[PDB]
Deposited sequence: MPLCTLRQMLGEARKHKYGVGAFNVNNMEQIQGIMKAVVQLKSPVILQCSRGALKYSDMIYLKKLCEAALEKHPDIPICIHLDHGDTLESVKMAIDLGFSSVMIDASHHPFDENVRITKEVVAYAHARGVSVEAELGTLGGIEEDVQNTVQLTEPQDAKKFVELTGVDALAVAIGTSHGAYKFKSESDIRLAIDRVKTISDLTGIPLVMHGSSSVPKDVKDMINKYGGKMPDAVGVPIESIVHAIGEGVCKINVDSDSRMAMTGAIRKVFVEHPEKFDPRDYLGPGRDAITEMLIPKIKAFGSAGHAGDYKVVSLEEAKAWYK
């Protein structure tokens, strides 16, 4: 059923596992993700960016998420707004029925980040909706302007805002080119345990796609041009999860799985022109790439662990 981020991540924090949050843009992507989480009896966070809502004219994505929720009533499903930039984008997401929102004011100075975030927290918690915010900016470590999260400031930021989850900056970045090479992977995950203990809340890792070999090789084997793609190694994510990371954002891996599958069909069977002929394999490649990932995050088998608290009932938490 529709689940808040606060409960879903609280349960992950308590039992030391992580929950993958997968960005969705259309029907086959949601189907591919759901087949994987349903098979593994895992909770899931379906997230939609402002760009996804635009691409889907908002209503189509809302209806698709409803379909997922209706079809698998036994799976805790959080519908989350990714990278919300204003209170207005948050009001919009809540009106579409979302149970969680991220207000990203990380490129503003600390006090303005706190101000913007507090406004969203007052509005969202009044409706039982969860809030994730960010302190520190994404980007690779290696004139540098990336601002990694300072644990003592994360402590103050959470105390001033009351957010349910905090996205941290530890050297990851969005996209398929996270590090110059596979031998040049530098992350700042040693601070995760410190942030977790000082803040006392679930932490979120962004730009955490792994760019698995199978998927990258298929794309490059069939006309694709992504020779230098590199993502975050799964062992690193597992380590961070053990330290307090409860939500892991993944988008690029599912995009690549679908693209690689389509490129293979186009080459092997050039006479086929039915979109189902290649979007089907695409959906399935997403499911297959996700199964071992979800097992490593550890959320497998946990979908049944708890009675899901509704948004109306969740309003009590903030009173």
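- Gaps between the deposited sequence and the modelled coordinates occur at 1, 144 to 146, listed in sequence order.
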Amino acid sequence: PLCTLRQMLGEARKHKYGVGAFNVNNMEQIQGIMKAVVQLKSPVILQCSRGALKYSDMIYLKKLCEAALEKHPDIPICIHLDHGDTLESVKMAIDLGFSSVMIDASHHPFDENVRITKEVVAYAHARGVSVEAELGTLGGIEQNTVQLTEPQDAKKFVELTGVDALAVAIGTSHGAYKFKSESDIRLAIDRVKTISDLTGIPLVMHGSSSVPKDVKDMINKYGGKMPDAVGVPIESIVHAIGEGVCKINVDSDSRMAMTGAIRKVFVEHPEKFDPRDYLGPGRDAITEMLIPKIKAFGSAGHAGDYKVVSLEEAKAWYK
From here on, numbers count along this sequence of modelled residues.
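- Per-stretch averaging of Cα B factors for 144 to 152 and 201 to 209 places 144 to 152 on top.
- On average the C-alpha atoms of 111 to 119 have higher B-factors than those of the other stretch, with 245 to 253 and 111 to 119 being the two compared.
- The PDB entry assigns the greatest CA B-factor among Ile79, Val131, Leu96, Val168 to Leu96.
- Set against one another, the Cα B-factors of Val44, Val265, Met58, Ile294 in the record reach their highest point at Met58.
- Residue-level temperature factors show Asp274 in the lowest third of its chain, judged at the C-alpha atom.
- Residue-level temperature factors show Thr259 in the middle third of its chain, judged at the C-alpha atom.
- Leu2: CA B factor lies in the middle third for its chain, per the PDB record.
- The deposited CA B-factor of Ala229 belongs to the highest third of values across its chain.
- Ranked within its chain, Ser49 lands in the highest third, by CA B factor from the PDB record.
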